[PDB]
Amino acid sequence: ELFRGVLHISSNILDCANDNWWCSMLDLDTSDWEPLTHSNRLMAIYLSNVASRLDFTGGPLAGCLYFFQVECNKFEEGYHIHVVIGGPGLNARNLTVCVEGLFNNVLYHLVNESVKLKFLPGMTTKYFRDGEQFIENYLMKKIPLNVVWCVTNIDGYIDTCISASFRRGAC
Ligand SMILES: [Mg+2]
């Protein structure tokens, strides 16, 4: 059972990038993707950093399954990361605080200014618990560069997630 939520990243945050963010030496398997523009790569770096820090985290985030997808905002500048996550120790009472701590320690290493991300959970007018079906019915049916990047540790999606052709098949 996997939770669902969104974090918005305004374009002003990209302006504050320091040398640890820009000079990342990551390889990024784009064998089945579109050429990722510089800022697209900055967001791919950020997403890989957050997944990396999450894979060996402790506390409530240890042993959790995650699926993060960063996309460009449809009508404005900026990006938004669709966050689907669930794991032992993870409940509705700590989801927001855990996600904000995780994402901000990574962002802090890569920025010159004091920034904070606000997590917005899927909820009716009760936290949503359809994350696996949210991944299947919506997040995975986007084709780049509508979706900019994606990271996951869920068996099955570990590779079928950064493959443009597989995303193009559901279309
Ligand atoms: Mg979206």
Item to check | Unique residue being away from the ligand (no atom under 16 Å from the Cβ), out of contact with any strand residue (DSSP E or B) (no Cβ under 6 Å at 6 or more places or on another chain), among the β-branched types (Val, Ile, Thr) and under 16 Å from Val6 (Cβ atoms) when the list is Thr124, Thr96 | outcome: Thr124
Next on the checklist: Suppose we filter the range 58-75 for residues that are crowded, with 20+ Cβ neighbours inside 10 Å and basic (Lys, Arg); how many remain?
Outcome noted: 0
Next on the checklist: For a quick check of your reading of the model, give me the residue pairs whose first member lies in the range 78-102 and is closer than 17 Å to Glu132 by Cα, whose second is of a type in the set (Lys, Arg) and not in a helix (DSSP H, G or I), with beta-carbon atoms closer than 6 Å and at least 6 apart or on different chains.
Outcome noted: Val84/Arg4
Next on the checklist: Condition first: buried (at least 21 other Cβ atoms within 10 Å of the Cβ) and within 11 Å of the ligand (Cβ to nearest atom). Now tell me which residues in the range 132-148 satisfy that.
Outcome noted: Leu139, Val147, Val148
Next on the checklist: Of everything in the range 149-171, what is part of a loop (DSSP other than H, G, I, E, B), surrounded by 11 or more Cβ atoms within 10 Å (Cβ to Cβ) and of a type outside the set (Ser, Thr, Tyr)? Give them in sequence order.
Outcome noted: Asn153, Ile154, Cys161, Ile162
Next on the checklist: If the requirement is being within 16 Å of the ligand (Cβ to nearest atom), among the small types (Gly, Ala, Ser) and either within 16 Å of the chain's Cα centre (by Cα) or surrounded by 16 or more Cβ atoms within 10 Å (Cβ to Cβ) (or both), which of these qualifies: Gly87, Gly101, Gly78?
Outcome noted: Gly78
Checklist entry - Within the range 44-87, how many residues turn out to be closer than 20 Å to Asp27 by Cβ and small (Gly, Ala, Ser)? => result 4
Checklist entry - When the range 1-38 is examined, which residues are found to be within 30 Å of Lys126 (Cβ to Cβ), crowded, with 17+ Cβ neighbours inside 10 Å and of a type in the set (A, V, I, L, M, F, W, C)? => result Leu2, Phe3, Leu7, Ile9
Checklist entry - List pairs: first in the range 140-165 and farther than 15 Å from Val84 by Cβ, second of a type in the set (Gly, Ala, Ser), Cβ under 6 Å, 6+ apart or cross-chain? => result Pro144/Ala164
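Only the coordinates and a few stated rules stand behind these numbers; no lab work does. Methodologically, a virtual Cβ is constructed for each residue, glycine included, from the backbone with ideal geometry; neighbour enumeration extends over all protein chains shown.
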